[PDB]
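One letter stands for each residue in the lines below.
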Amino acid sequence: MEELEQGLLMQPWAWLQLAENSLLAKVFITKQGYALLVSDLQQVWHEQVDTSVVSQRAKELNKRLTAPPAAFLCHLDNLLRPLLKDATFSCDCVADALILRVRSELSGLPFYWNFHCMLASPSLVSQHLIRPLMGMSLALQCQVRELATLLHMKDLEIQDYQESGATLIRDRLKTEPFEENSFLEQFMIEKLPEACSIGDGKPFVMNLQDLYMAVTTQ
Amino acid sequence: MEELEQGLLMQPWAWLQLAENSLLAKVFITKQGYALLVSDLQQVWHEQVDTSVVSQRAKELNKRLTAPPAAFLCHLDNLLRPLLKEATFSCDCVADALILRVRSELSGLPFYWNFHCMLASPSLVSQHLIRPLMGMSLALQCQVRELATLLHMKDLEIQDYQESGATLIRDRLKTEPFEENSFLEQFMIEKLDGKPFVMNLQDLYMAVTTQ
Amino acid sequence: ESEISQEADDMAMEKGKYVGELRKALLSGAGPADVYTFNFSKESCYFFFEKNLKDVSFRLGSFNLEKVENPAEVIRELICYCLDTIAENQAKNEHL
Amino acid sequence: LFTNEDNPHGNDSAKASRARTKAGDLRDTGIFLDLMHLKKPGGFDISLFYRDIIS
């Protein structure tokens, strides 16, 4: 239906400010229920709903919740964030599934609406939480290396200018060719832990949201 | 448990020859059966099973002799070696019904090779391996950042090589200063089963999954 | 029969190797690349031959031998066969 | 003109510029230059020099 599987796929990485879990997070603004997306290879921690199941978990998952489905379709509709402004968002870590509640709050009453994140619908998960995989390989591992080759071509420009009569004058503009091979050598031992760290979504949502949009588009 | 799974994460990715699907497999056959954690990126083989399943597969496939489960897993750790390029443990490309497709008589009389098989689950796309994958993304992106600032600094160096350079120009080719805006634009827009994933991340995974 | 697939899960050979295994077990000496035990269970009138490969030993097919006495006549036949084939080979030698 | 190659003056820009200036002058004089495609294993590969040096 593409508003919970395709548009959810076209949702940049943005770790919602949970209270307990540091796992991957982002919620999609829909008129057919809030949509999480957590791709981590083989234990789905995903939270996906339609109007019917959000209606059900409104009428039975909370002791006091008279908010109809339209109430939560509006709350999500009156929501612009895969993040949390504090619709109060909180996490009660009862399972590895990302407990991602969107409270009955619309800048006013913090009306009760709590979550036990179910194993979401696999149709909207396996279709577009594995797209990360091949899209990510085929996009990232080629474009990053092509940018490294752009470095290599500019360094070839430096070196052929220098040997052609553009010799170095100062240390500021003294930069001989730098390659990606030694770069990977030094990075995998020095800057790998700095740049292999999912964390709480601090670097996961700035170098990787647009990267992952390129991933899903590819 | 821990050391099997940790060394398995340290075990390099193995592409078992199947030619039907893509097998991103981790093999560490030391104890607790054959810990051949295969993952076709769409259905994981949680094949860390102990030696009991190894014996079950040995006996289900030897119809008048036996293969010792310890020896079975040992020489399967020797049989998977002529497979990462025999008894090719081929498996179907189906992402939800996963059965080993070794369909050939090694005897003249019927015989097959088969491992214990598991199917797809609604919960199989958010456990471990996109954390090292997404760490590879962060590694390549920070490498991009360093390469890019070096691009910009080196291009400002090149501007000095415009006023202080003497390269022969036939006028059939012109080299412009390395731009930055169009550079980022091409990095985003212009330049951009499971086989591509596995042959793209055979080396980068182990080199990044250490974290 | 059927004694072929017993190694198929064991060392994962290919089919038809049992034919050559049997032929070279029958011919003088053991297999050039296959280990065999050469003996005889007079108690049970049974023969067996081995097959080991890839870091584990295993048990190839076997002869369900049948006891037929009077070794004298069969030995006479065998030695007559020997003498006759020597004679024909010598005739080929001299003709060549 | 008979050749498959414009690289000789495709090497130095000064002589190429002088040659094209002279050719333009001869065109002014009314001389019509014509060039033929000649056998070359790497093909003619036009416009290395001769792109607008032809009347």
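This text follows the structure it describes.
We count residues from 1 along each chain, following the written sequence rather than the entry's numbering, and we skip any residue without coordinates. Each chain takes a letter, starting from A, and each ligand takes a number, starting from 1, following the order in which they are written. Part of a larger assembly is shown; the reported values describe that part exclusively. In computing side-chain values, all of the structure's heavy atoms are included and hydrogens and water are not. Residues with missing side-chain atoms are left out of burial classes, side-chain pairs and their counts.

(A) Broad picture of the packing of aromatic side chains. Paired rings are identified among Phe, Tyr and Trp, the last through its six-membered ring, by centres lying within 6.5 Å, and are further divided according to the angle between planes into stacked (under 30 degrees), edge-to-face (over 60) and tilted (the rest). A complete count under the given rule lists 24 aromatic pairs over all chains for this structure. Pairing A:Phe183 with A:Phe187 gives two aromatic rings, centres 5.9 Å apart and planes at 85°, and the pair type is edge-to-face. On the criterion of helical spacing, the pair formed by A:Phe183 and A:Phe187 is a turn pair, its members being four residues apart in helix 5 (residues 180-191). When its relative accessible area of 1% is taken as the criterion, A:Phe183 is described as buried. Throughout this description, buried means an accessible area under 20% of the type-specific maximum (1.4 Å probe, protein chains only), exposed means over 50%, and partly exposed covers the range between. The class of A:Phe187 is buried, set by a relative accessible area of 0%. One aromatic cluster is present, built from ring pairs that chain together B:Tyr34, B:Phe72, B:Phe89, B:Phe111, B:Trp113 and B:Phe115. We call a charge positioned over a ring when the NZ of a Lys or the CZ of an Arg lies within 6 Å of the ring centre and within 35 degrees of the ring normal. Its guanidinium or amino end placed over the ring of A:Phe89, A:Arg81 lies 4.4 Å from that ring's centre, counting from NZ or CZ. Counting from the N terminus, the helices are DSSP H or I runs at least four residues long and the strands are E runs at least two residues long.

(B) The pairing of strand 3 (residues 35-39) of chain B, seen in detail. All names here are of chain B. Judged by how many residues are buried, strand 3 sits mostly within the fold: five of five residues are covered. Here strand 3 shows two buried faces, one formed by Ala35, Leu37 and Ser39 and the other by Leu36 and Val38. Note on pairing: DSSP must find at least two bridges between two strands before they are called paired. As judged from the five bridges shared by strand 2 (residues 24-28) and strand 3, these two strands associate in the antiparallel manner. Residue pairing across strands places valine 27 opposite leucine 36, the latter belonging to strand 3. Where strand 2 folds back on strand 3, the antiparallel hairpin that results is connected by six residues, among which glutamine 32 adopts a positive phi of roughly 50°. Here strand 3 pairs with strand 4 (residues 44-45) via two bridges, running antiparallel.

(C) View of the pairing of strand 2 of chain B. All names here are of chain B. Here strand 2 lies mainly inside the structure; four of its five residues are buried. Bridge analysis of strand 1 (residues 13-14) against strand 2 gives two bridges, and the strand direction is antiparallel. Of the residues in strand 2, the one forming a bridge with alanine 14 is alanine 25.

(D) Geometry of the interface of chain B and chain D. We call two residues in contact when some of their heavy atoms are within 4.5 Å. Across the boundary between the two partners, chain B contributes five residues, which contact 12 residues of chain D. Of the roughly 550 Å² buried between chain B and chain D on both sides combined, carbon and sulfur atoms contribute 32%. Two parts placed together each lose some accessible area; with a 1.4 Å probe, that loss summed over both constitutes the buried area. The largest contributions to the chain B side of the interface with chain D come from B:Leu168, B:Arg170 and B:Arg172, which together make up 91% of the buried area. Criterion for a salt bridge: a side-chain nitrogen of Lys or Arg within 4 Å of a carboxyl oxygen of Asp or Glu. Applying the counting criterion to the chain B and chain D interface returns zero salt bridges. Each polar contact in these results corresponds to two N or O atoms within 3.5 Å; when the atoms are within protein, one needs to be able to donate a hydrogen and the other to accept it, and residues that are neighboring in sequence are counted only if both atoms are side-chain atoms. At the junction of chain B with chain D, the criterion picks out six residue pairs in polar contact.

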